[PDB]
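Following: one structure in structure tokens, then a few remarks.
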Amino acid sequence: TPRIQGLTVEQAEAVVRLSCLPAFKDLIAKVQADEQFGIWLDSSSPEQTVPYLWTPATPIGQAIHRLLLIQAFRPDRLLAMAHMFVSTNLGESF
């Protein structure tokens, strides 16, 4: 059971899974350090403003990191994150 300071049970269930990735190791303390950053946590459009990331990173890699973050934190905007990932990989009018 992780911290339930800002997350829920369904959100924190995937946090433990995402912590197994070597790239996304600093995840449990990430929300504690960015405690004010909760726009993606509640309401608004977390798709357009996705904080944090996984060395220089390609835009595709940054989109992958944002997708992995939102898949665990905000499961509903996964469709919009996937749409933006496709647009950045292929094109805006794909």
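Identifiers in the structure tokens: chain A, B, ... in order shown; residue index from 1 per chain; ligand index from 1 in order shown.
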
- With a distance cut-off of 8 Å and only C-alpha atoms, select the neighbouring residues of residue 2 (chain A), excluding the residue or stretch itself and same-chain residues fewer than 6 positions from it, and output the selection as an MDAnalysis selection string. chainID A and resid 12 15:16 28

- Spatial neighbours of residue 63 (chain A), max dist 12 Å, only C-alpha atoms, sep filter under 4 positions, as a PyMOL selection string: chain A and resi 47-54+57-59+67-71+78+80-89

Let's have the selection written as a compact mmCIF listing (two decimals), in the first residue's frame, with N, CA, C and O atoms.
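Below you can see result_32.txt, which holds the result:
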# COMPACT_ATOMS: atom_id res chain seq x y z
N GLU A 47 -4.29 15.93 -20.42
CA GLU A 47 -3.64 15.57 -21.68
C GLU A 47 -2.72 16.68 -22.17
O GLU A 47 -1.54 16.43 -22.47
N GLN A 48 -3.23 17.91 -22.22
CA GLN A 48 -2.44 19.02 -22.75
C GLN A 48 -1.26 19.35 -21.84
O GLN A 48 -0.16 19.65 -22.33
N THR A 49 -1.46 19.31 -20.53
CA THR A 49 -0.42 19.66 -19.56
C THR A 49 -0.10 18.42 -18.73
O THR A 49 -0.72 18.17 -17.70
N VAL A 50 0.88 17.64 -19.19
CA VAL A 50 1.32 16.43 -18.51
C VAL A 50 2.69 16.72 -17.91
O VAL A 50 3.68 16.83 -18.64
N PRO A 51 2.81 16.84 -16.59
CA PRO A 51 4.10 17.15 -15.98
C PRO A 51 5.02 15.94 -15.97
O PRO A 51 4.62 14.80 -16.22
N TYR A 52 6.30 16.22 -15.69
CA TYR A 52 7.36 15.23 -15.49
C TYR A 52 7.64 14.39 -16.74
O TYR A 52 7.02 14.57 -17.78
N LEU A 53 8.60 13.48 -16.62
CA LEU A 53 9.02 12.61 -17.72
C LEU A 53 9.69 11.38 -17.12
O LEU A 53 9.57 11.11 -15.92
N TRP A 54 10.39 10.63 -17.96
CA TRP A 54 11.08 9.42 -17.51
C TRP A 54 12.34 9.76 -16.73
O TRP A 54 12.70 9.07 -15.78
N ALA A 57 16.08 13.38 -24.14
CA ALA A 57 15.03 12.48 -24.57
C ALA A 57 14.40 12.99 -25.86
O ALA A 57 14.21 14.20 -26.03
N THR A 58 14.09 12.07 -26.76
CA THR A 58 13.38 12.41 -27.98
C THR A 58 11.94 12.79 -27.64
O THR A 58 11.44 12.45 -26.56
N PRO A 59 11.26 13.53 -28.52
CA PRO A 59 9.82 13.77 -28.31
C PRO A 59 9.00 12.50 -28.23
O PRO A 59 8.05 12.44 -27.44
N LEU A 67 2.75 8.95 -21.40
CA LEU A 67 1.74 7.91 -21.53
C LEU A 67 1.82 6.92 -20.38
O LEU A 67 0.78 6.54 -19.82
N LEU A 68 3.03 6.50 -20.01
CA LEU A 68 3.18 5.60 -18.87
C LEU A 68 2.76 6.25 -17.56
O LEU A 68 2.21 5.57 -16.68
N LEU A 69 3.01 7.55 -17.41
CA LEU A 69 2.59 8.25 -16.20
C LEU A 69 1.07 8.34 -16.12
O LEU A 69 0.47 8.07 -15.07
N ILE A 70 0.43 8.73 -17.22
CA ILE A 70 -1.01 8.95 -17.21
C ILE A 70 -1.78 7.63 -17.19
O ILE A 70 -2.88 7.55 -16.64
N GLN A 71 -1.18 6.55 -17.71
CA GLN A 71 -1.81 5.23 -17.62
C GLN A 71 -1.97 4.78 -16.17
O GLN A 71 -2.91 4.05 -15.86
N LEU A 78 -6.25 8.41 -21.18
CA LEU A 78 -5.35 7.57 -21.96
C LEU A 78 -5.66 7.66 -23.44
O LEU A 78 -4.75 7.56 -24.28
N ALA A 80 -6.74 10.37 -25.09
CA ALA A 80 -6.15 11.61 -25.58
C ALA A 80 -4.62 11.53 -25.61
O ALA A 80 -4.00 12.06 -26.54
N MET A 81 -4.02 10.90 -24.60
CA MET A 81 -2.57 10.69 -24.63
C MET A 81 -2.15 9.82 -25.80
O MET A 81 -1.14 10.11 -26.46
N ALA A 82 -2.90 8.76 -26.09
CA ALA A 82 -2.60 7.91 -27.24
C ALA A 82 -2.77 8.67 -28.55
O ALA A 82 -1.98 8.50 -29.48
N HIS A 83 -3.80 9.52 -28.63
CA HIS A 83 -3.99 10.35 -29.82
C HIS A 83 -2.81 11.28 -30.04
O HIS A 83 -2.33 11.43 -31.17
N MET A 84 -2.32 11.92 -28.97
CA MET A 84 -1.17 12.80 -29.13
C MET A 84 0.11 12.03 -29.45
O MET A 84 0.94 12.51 -30.22
N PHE A 85 0.27 10.83 -28.87
CA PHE A 85 1.42 9.99 -29.22
C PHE A 85 1.40 9.63 -30.70
O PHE A 85 2.44 9.71 -31.38
N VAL A 86 0.23 9.25 -31.22
CA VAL A 86 0.11 8.94 -32.64
C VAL A 86 0.38 10.17 -33.49
O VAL A 86 1.04 10.08 -34.53
N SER A 87 -0.12 11.34 -33.07
CA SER A 87 0.10 12.55 -33.85
C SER A 87 1.57 12.95 -33.89
O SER A 87 2.07 13.39 -34.93
N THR A 88 2.28 12.80 -32.77
CA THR A 88 3.71 13.11 -32.76
C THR A 88 4.55 12.06 -33.46
O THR A 88 5.65 12.38 -33.92
N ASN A 89 4.07 10.82 -33.56
CA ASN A 89 4.85 9.80 -34.25
C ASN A 89 4.63 9.84 -35.76
O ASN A 89 5.58 9.69 -36.54

- Coordinates-based distance that separates CA of residue 66 (chain A) from CA of residue 90 (chain A) (Å, one decimal):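 We find that CA of residue 90 (chain A) and CA of residue 66 (chain A) lie 17.3 Å from each other.
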
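Considering the residues A:73, A:91, A:25, A:17 and counting only C-alpha atoms, residue 39 (chain A) has its shortest atom-to-atom contact with A:73.
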
- Return as a PyMOL selection string the full set of residues in chain A whose backbone-based DSSP assignment is alpha helix (DSSP H). chain A and resi 9-18+28-33+59-73+78-89
